[PDB]
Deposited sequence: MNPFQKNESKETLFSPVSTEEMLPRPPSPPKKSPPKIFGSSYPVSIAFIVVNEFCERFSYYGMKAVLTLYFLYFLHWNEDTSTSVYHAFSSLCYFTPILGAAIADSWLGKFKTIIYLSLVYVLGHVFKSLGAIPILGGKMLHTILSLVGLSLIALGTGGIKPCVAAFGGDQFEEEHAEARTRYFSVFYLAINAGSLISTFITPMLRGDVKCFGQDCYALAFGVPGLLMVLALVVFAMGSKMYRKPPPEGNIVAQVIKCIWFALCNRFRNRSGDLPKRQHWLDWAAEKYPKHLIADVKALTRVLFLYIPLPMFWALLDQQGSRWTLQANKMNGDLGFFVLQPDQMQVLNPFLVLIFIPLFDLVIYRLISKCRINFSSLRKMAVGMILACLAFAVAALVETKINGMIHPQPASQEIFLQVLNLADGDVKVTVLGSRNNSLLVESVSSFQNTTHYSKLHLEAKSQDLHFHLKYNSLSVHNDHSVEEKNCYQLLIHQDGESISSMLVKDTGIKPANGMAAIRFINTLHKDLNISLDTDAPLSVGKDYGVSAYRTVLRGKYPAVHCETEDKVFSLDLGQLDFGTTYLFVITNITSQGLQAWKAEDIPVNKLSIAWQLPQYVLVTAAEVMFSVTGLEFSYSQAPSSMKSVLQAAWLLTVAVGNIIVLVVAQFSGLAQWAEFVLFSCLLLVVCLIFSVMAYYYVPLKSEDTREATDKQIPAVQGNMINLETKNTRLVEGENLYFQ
């Protein structure tokens, strides 16, 4: 409108909102569909749900490879959104009980889920990188605000999805049975609308082309670099001053520098799966903590489950508050938050949140009687301080990570560093699954462990962020 912000990002943030809406509206009904429509084992349903989630987490690698190495982006977004819409069509087609039964339903549902995972993994990094591409490299201050608005759109989509999903699967009969076809078709229409609105802004975008088979060049350059050193019975200059400088008889400098930056950022990101796994162990145990504390609140009775909704709402409140007030106040003085101090401070805040959760659990345990009521029974409040701290950590770490991934990536591989950021979440999710079964510790002792682990992870990231060499 005025300046410094293209009209294009309007059909980027809206698309992201519409996509998250549909994704969270479908994933919510997925498990009920498995259990009460397909009539699957609990083990089978949970395993299929977790496999689908993991594939969704892991596919953005393929999406970013396709985008950067070939076809550019805004063409991988379009085609993978078409694949996403096809997957939604199949999934909603398999929930119709009229045609086929127990075999067409299973096949169509599984194929649709595979296509949905493919689409999501390739709309995730490409859309963020494409929206970032709309700003001139000099406008590095408007890009951060755009990324804040992008995260706000994500969280708003999640919140409206949570608030609107139970209405669709509430006492609706498709054909003499519970209506799952609508529950899966509404997300399909939302995805179709997202694709339409994104395509509507084609003439305004700033589509840049790919810089060649960048992924193959990167792999071959790394392979040559590693292979050169193997001078078992010889060697006078295998590689000095770096492990890539003597992969220079080919792979000109403009590629060696790009792979250097890529490897630097990847080594920096190494520790983030542990942070993601540790911070993901709060939406399950905090529910157990809530179940042990009063939730009448005088005005409105609060069920422990509903407290989960306090995270997206607090993110919505904190994003504008952080960007427009707190960061400006910090900038008032000489204090300089370098986008890596922000992430470390977010990790410290998450550690503090888990320590506060441990303290609240300790207070809960120390109950003694004076239907008998324990005098020292905490209200569902006192869960606010940990929700405030953990939410501020997510705003600082997550919004800063998207910008850091883009600003530090070579132009040839802008969406590959976005896949690297998403790859940490994918690996972190695997850690949660591998460690979920191992649970035999007290709630207070567990939180004091996660707080301590989250501290050690932050010291490792802080030390490696100190020696990081920024891209230039």
property	result
Missing CA stretches, deposited numbering from 1, N-terminus first	1-37, 408-598, 701-738
